[PDB]
Structures are given as structure tokens and as C-alpha cells.
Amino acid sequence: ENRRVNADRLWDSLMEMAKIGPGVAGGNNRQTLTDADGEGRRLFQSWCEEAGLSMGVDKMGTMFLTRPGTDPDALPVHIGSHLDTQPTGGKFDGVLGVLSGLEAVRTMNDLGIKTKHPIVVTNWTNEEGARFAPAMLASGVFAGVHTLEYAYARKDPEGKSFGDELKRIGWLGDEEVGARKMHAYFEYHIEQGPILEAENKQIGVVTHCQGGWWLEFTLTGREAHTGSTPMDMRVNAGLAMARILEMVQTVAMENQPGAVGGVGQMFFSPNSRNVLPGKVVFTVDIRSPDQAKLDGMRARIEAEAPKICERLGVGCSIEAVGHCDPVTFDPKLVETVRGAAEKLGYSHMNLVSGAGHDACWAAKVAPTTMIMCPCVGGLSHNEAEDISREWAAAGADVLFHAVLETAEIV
């Protein structure tokens, strides 16, 4: 209640990691299994070892940095997030949670605090799902949602497989994925939504996570000349994609509040200015806090889209390339978080997470919750993503205390 993390030390570690794999506007382009990700993992590794943590790496490249407890038989409390970013990443999505875990350890060392349960700072591979789909791939293997082989065979847009890239940057570890058992899992993360800033609250007590689908459409047209083909003879997969995006906007807007839909990825083949496309590939991202509502939006998109296509002579094929159902966080750990906020005198409210997180898969296999701090305009997945020294430190303080309650001081 007096005991606080070092704000300047946390902040300084965030500005140092921001320099690894810079974007073009003061954010980060440090995507999974690139060289810059390798550099980021090594920097994090070295900081952690100077803090007395010992490293284990699983076959999905997930890094576990351990601070032993006083009971050698006791299961660990993990503090988790990701160091991998979007191509237009901010400095804080993922990174905040991992380096807050480090700061909590450093503070314990500064105060010579021992715990019953070990504490394990965790960096999951390919949270973002920008380079290889799905998102939360490593934590999904951990929870048994995906096989190792399935994960290894994911390809980026240049055709490189996840497995090979992991091996290339040198982070294929020896531990079986998901062989570690957790006593509890905590994730500190920026909100990525406008609510905490708009309501003037310092801490978000995360109760639930909204679920989502990634539906990948492959539409088949007929390559043909854009100048000499009569309109009544075109098989236009581009127009079909256009009508499908409009229909997604309608489904989302007919399902307010608590529903989003949209598309961020799109490919045309062969992508010539005077050739109607033979393939159009894109991903629809739909999400709701409410399972039945999410099921209903999916069924509907999947029924209406083939009819848009059939009206145009266009072939339509859909694959789920990502899926997380809504999650309810562990009520006991939710109280610990609220309690830590109150003990510390920090304004707080409950919150549903808008994004998915590795925490959502962690909750399959262990008591789990999350903590959020505010971010400016709820902007995230943009280089302009912004938090203050003061916001970051507040939530880290809450993380510190929640973890100590759960790991048990001696």
C-alpha cells in the first residue's frame, strides 16, 4: 500500500524496446519471427537474467522467465503478454505487460521479497496474428486448441512457414508446449478502447473478454479484359467482395450495441489494372461480447455471402482462420485486482476486453484475469498509440500487488 514499482525504470525499458524494429512514425514494426523480433527477445532475455530469472523456451518459441518461490513443489503464477507487434504497431500493445512483469520482479528484488509460489514472466509467440494467422497461436497450442504441426505450417504472404522462421531466428526451444502447469495467470495490457480515458478511471478490472471470428473468403472470378468484355458477360469477384463488405457493415450495424465487423486484409489476383480478378481473398473480422449474437452474425454472413456471389456467377469459399469464444475471467482473481486498486487508492471500473489476448487461452487451463490501463482515444494497432508514464505505472503497481497476494509473501 506504500510499496510501488519504479515508474521511470519501467518507462525507460519501454523506450529502449521501442528502438528495436521501429515503424515509420515512432511506433514499431516488430512482427513475429523477423530479425527485429529476435533482437527484441534477446534484449528481454538479457534484462531478465540480470534480474536473476532463468529461461525456458518451448517449441513454439514462448519464453518463460522464472523467479523461484520458497516452496519448490508449488505451481507458478505467470505474468504474460507478447513482444511481437503489428506492422503499424504502437509501443505499448503487448510490450507493456511483459516489461511490467520485469518491473514487478525488479521491485521484489529491490525490497528482498520472497514468495511461496514461483513467478514466471511469459512472452508468447505470435499473439498478433498479423504475419501468420491465427492470432494467439502459441498460447493456443499451449491450451491444446491447435496442434504443433498446424502451427508450424502457417504461411505468411510471401509463402514462408512459421516452423522454418522460428528455427531461423534461433528460438525453437526444447520444452513440450503446454507441459507447464500454472497456479494463476495475469496479463496487464492497454485498454485499446476509449472507456477508461472517457470515464477518468486509472484501472480497468477486466471481467470478460469478447469473442470473435476470422472468416477468410476466397472468391473465384474469370480473368477477362476490363475494356472489351461487355458488362453482361463479366464474372466480377471484385464487385462480389464489394457487396460482401457492405453486407458485413449492415450485419454489424443491425446488431448494436456490442458488435463489430470489418476487413483489414485483401488480395486480388493477378492484380492488373486491365484484368478483372480471378481470385479475391479477404478476411472478415466479427466480434461480440455475446456468444449467441456472435453465432448469429456468423451464420448470417455465411448464408448471405454465397447468394451475393451466385447472383454474379462468382464462386465462394470460406475458411475460419481464427476463433475465440467470449471468456469469463476467474472471479477470485478479479477480486484480488479490484482489492489491489482499492488498497492503492486508484480509481477503477469493470471492463470487457475488446481485443483477444493470450489470457483468453490461458483461461482454458488456469485461473486467469487481466488488468488494463487507459490509452488515448482508445487508439491501438496504429503507430500513434499513446499512454503516459503515470498510466503505465499505476496498472503495474496493481499487477505487483495482485501477484503478491496470489503468490503469497513470506
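For every residue, the number given is its place in the sequence shown, counted from 1.
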Quick check on the record: does 337-345 or 376-384 carry the larger mean Cα temperature factor? 337-345
Stretch with higher mean Cα temperature factor, 175-183 vs 280-288, is 175-183
Which one of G89, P157, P270, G94 shows the biggest C-alpha B-factor in the PDB entry? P157
Top residue by Cα temperature factor, when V98, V263, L111, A242 are compared in the entry: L111
Entry-reported Cα temperature factor of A130, expressed as the chain third it lands in: lowest
Using only modelled residues of the chain, where does the Cα B factor of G27 rank: lowest third, middle third or highest third? lowest
Entry-reported C-alpha B-factor of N236 relative to its chain, by third, is lowest
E223: CA temperature factor from the record, placed by chain third, in the middle
Lowest, middle or highest third of the chain for the C-alpha temperature factor of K364? highest
